[PDB]
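>>> My sequence and its experimental structure, below.
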Amino acid sequence: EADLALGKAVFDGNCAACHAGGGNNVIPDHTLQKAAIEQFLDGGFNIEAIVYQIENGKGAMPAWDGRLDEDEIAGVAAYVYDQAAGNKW
Ligand code: HEM
């Protein structure tokens, strides 16, 4: 329902180019750690804010709407959430 295995596959295939290990190769302080998200992700540490930025992109981050389907976006958003919330990177 969440689907973290799906989300990890989507992450490794599309997001790890810039965020492997939970970092950010382009803007190094805008990482995928909880405290970074809470400060820098417009909308805060919430699934809808993660979704929104996946869909629509921001700056140097490309938009994924139409290139990833609804289940793929939901699952990668849930994987980022889970990795941040559990301190798993
Ligand atoms: C892959 C679909 C993907 C995901 C998932 C993802 C997530 C993500 C989040 C949650 C943030 C917020 C982090 C914060 O601390 O504010 C974030 C931010 C940026 N991303 Fe990203 N991102 C995905 C893919 C990619 C790719 C492929 C790139 C590199 C070309 C990339 C880059 C960036 C950048 C830059 C930011 C910061 C944007 C800003 O605040 O200006 N992301 N990402």
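Perfect, thanks for sending it. Numbers count the residues shown, from 1 in each chain.

>>> what does this structure have sitting close to the ligand?
Taking Cβ under 6 Å from any ligand atom as the measure of proximity, the chain contacts the ligand at 14-15, 17-19, 24, 26-27, 30-32, 36-37, 40-41, 50, 53-54, 58-62, 64, 76, 80. Placement of C-beta: from N, CA and C, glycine included.

>>> What about residue 25, how many residues nearby?
Residues lying near residue 25 (other Cβ atoms under 10 Å) number 11.

>>> With the one 10 residues further on instead?
Neighbouring residues of residue 35 were enumerated by other Cβ under 10 Å; the total is 10.

>>> helix or strand for it, which one?
Using DSSP states H and E, residue 35 falls within helix 34-40.

>>> Now find how far off-centre that helix is within its chain.
12 Å (Cα atoms, centre = their mean, to the nearest Å).

>>> try stretch 14-21
Using Cα atoms, centre = their mean, the offset of stretch 14-21 from its chain centre is 9 Å.

>>> circling back to that earlier point, in helices, which of the residues of the chain next to the ligand appear?
Residues of the residues of the chain next to the ligand located in helices (DSSP state H): 14, 17-19, 36-37, 40, 50, 53-54, 76, 80.

>>> residue contacts, the closest residue to residue 78 other than its chain neighbours?
Take residue 78 and drop its neighbours on the chain: the residue closest to it by Cβ to Cβ, 6 or more residues apart in numbering is residue 2, 4.7 Å away. Residues in contact with residue 2 (Cβ atoms under 8 Å, 6 or more residues apart in numbering) are 75, 78, 82.
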